[PDB]
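Here's a solo chain for you in C-alpha coordinates, the form deposited in one PDB entry.
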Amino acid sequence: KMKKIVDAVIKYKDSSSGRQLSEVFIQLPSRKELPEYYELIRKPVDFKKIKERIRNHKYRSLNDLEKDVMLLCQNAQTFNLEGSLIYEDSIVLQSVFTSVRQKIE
(Lines give C-alpha, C1' and ligand atoms only; values in the text may rest on other atoms or scores of the structure.)
Protein backbone atom coordinates (compact mmCIF):
# COMPACT_ATOMS: atom_id res chain seq x y z
CA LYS A 1 0.00 0.00 0.00
CA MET A 2 3.09 1.83 0.80
CA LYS A 3 4.35 1.47 -2.67
CA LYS A 4 1.30 2.75 -4.05
CA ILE A 5 1.32 5.79 -1.92
CA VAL A 6 4.91 6.61 -2.73
CA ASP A 7 4.44 5.85 -6.37
CA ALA A 8 1.37 8.03 -6.47
CA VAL A 9 3.09 10.94 -4.74
CA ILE A 10 6.34 10.68 -6.67
CA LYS A 11 4.43 10.30 -9.80
CA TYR A 12 2.90 13.59 -9.32
CA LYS A 13 5.68 15.74 -8.86
CA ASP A 14 6.31 18.97 -10.44
CA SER A 15 9.68 19.38 -12.02
CA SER A 16 12.76 17.82 -10.54
CA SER A 17 12.93 20.33 -7.72
CA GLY A 18 9.33 19.79 -6.80
CA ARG A 19 8.15 23.24 -7.41
CA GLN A 20 4.62 24.09 -7.91
CA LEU A 21 1.70 26.15 -6.58
CA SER A 22 1.39 23.81 -3.64
CA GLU A 23 4.82 24.90 -2.70
CA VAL A 24 2.95 27.42 -0.46
CA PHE A 25 1.75 24.54 1.66
CA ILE A 26 5.06 22.77 1.79
CA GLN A 27 6.44 24.67 4.65
CA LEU A 28 4.52 25.96 7.53
CA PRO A 29 5.53 29.08 9.36
CA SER A 30 5.92 29.40 13.01
CA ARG A 31 3.26 29.87 15.42
CA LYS A 32 4.60 33.02 16.36
CA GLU A 33 4.79 34.08 12.97
CA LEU A 34 1.23 33.32 12.44
CA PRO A 35 -0.52 32.67 15.76
CA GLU A 36 -3.77 33.31 14.03
CA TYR A 37 -3.32 30.30 11.95
CA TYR A 38 -3.02 28.20 15.04
CA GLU A 39 -6.17 29.55 16.53
CA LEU A 40 -8.08 29.51 13.38
CA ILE A 41 -6.86 26.12 12.37
CA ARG A 42 -6.17 23.53 14.72
CA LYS A 43 -3.38 22.17 13.02
CA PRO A 44 -1.95 23.23 10.18
CA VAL A 45 -0.24 20.49 8.35
CA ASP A 46 2.16 20.94 5.46
CA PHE A 47 3.63 18.76 2.71
CA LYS A 48 6.84 18.25 4.70
CA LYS A 49 4.95 17.08 7.62
CA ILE A 50 3.29 14.40 5.61
CA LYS A 51 6.39 13.61 3.79
CA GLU A 52 8.36 13.29 6.88
CA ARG A 53 5.85 11.23 8.62
CA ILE A 54 5.29 8.82 5.91
CA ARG A 55 8.95 8.33 5.87
CA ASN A 56 8.57 6.40 8.95
CA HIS A 57 5.53 4.61 7.69
CA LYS A 58 3.10 6.76 9.38
CA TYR A 59 0.41 6.36 6.82
CA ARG A 60 -0.87 3.09 5.52
CA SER A 61 -3.95 3.76 3.76
CA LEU A 62 -4.48 5.85 0.90
CA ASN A 63 -7.73 7.15 2.25
CA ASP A 64 -5.97 8.60 5.13
CA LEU A 65 -3.62 10.47 3.00
CA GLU A 66 -6.24 11.65 0.66
CA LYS A 67 -8.18 12.92 3.45
CA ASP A 68 -5.32 14.89 4.67
CA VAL A 69 -4.78 16.49 1.35
CA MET A 70 -8.42 17.42 0.97
CA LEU A 71 -8.47 18.73 4.43
CA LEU A 72 -5.48 20.88 3.83
CA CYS A 73 -7.14 22.52 0.84
CA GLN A 74 -10.14 23.43 2.95
CA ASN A 75 -8.12 24.78 5.71
CA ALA A 76 -6.44 27.12 3.28
CA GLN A 77 -9.75 28.38 1.95
CA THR A 78 -11.01 28.93 5.46
CA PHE A 79 -8.24 31.38 6.03
CA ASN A 80 -7.90 32.73 2.53
CA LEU A 81 -10.62 34.42 0.56
CA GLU A 82 -11.73 34.71 -2.90
CA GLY A 83 -9.71 36.91 -5.11
CA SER A 84 -6.17 35.99 -4.39
CA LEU A 85 -3.28 33.91 -5.54
CA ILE A 86 -3.82 31.41 -2.85
CA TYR A 87 -7.39 30.97 -3.70
CA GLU A 88 -6.39 30.29 -7.22
CA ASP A 89 -3.81 27.79 -6.21
CA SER A 90 -6.31 25.93 -4.13
CA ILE A 91 -8.64 25.52 -7.12
CA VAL A 92 -5.96 24.33 -9.44
CA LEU A 93 -4.69 21.83 -6.95
CA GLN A 94 -8.05 20.45 -6.28
CA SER A 95 -8.66 20.04 -10.01
CA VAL A 96 -5.46 18.20 -10.48
CA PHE A 97 -5.93 16.12 -7.35
CA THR A 98 -9.38 15.09 -8.53
CA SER A 99 -8.04 13.92 -11.82
CA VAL A 100 -5.35 11.76 -10.20
CA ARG A 101 -7.72 10.58 -7.80
CA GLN A 102 -10.36 9.64 -10.31
CA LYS A 103 -7.93 7.94 -12.30
CA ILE A 104 -6.45 6.08 -9.47
CA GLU A 105 -9.84 4.97 -8.50
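Numbers follow the displayed sequence, beginning with 1.
One more form of this protein exists, namely the form solved in complex with a small molecule; it is left out here, but the text below deals with it.
Against the small molecule in the deposited bound form, the set 29, 37 and 86 is in full contact: each member has a heavy atom within 4.5 Å. The small molecule is not shown here, and in the deposited bound form it never comes within 4.5 Å of any heavy atom of residue 54. When the small molecule is considered in the deposited bound form, residue 93 lies well away from it, no heavy atom lying within 4.5 Å.
For the chain shown alone, residue 45 is a contact residue for the small molecule in the deposited bound form, at least one non-hydrogen atom being within 4.5 angstroms. Within 4.5 Å of any heavy atom of the small molecule in the deposited bound form lies no heavy atom of residue 62.
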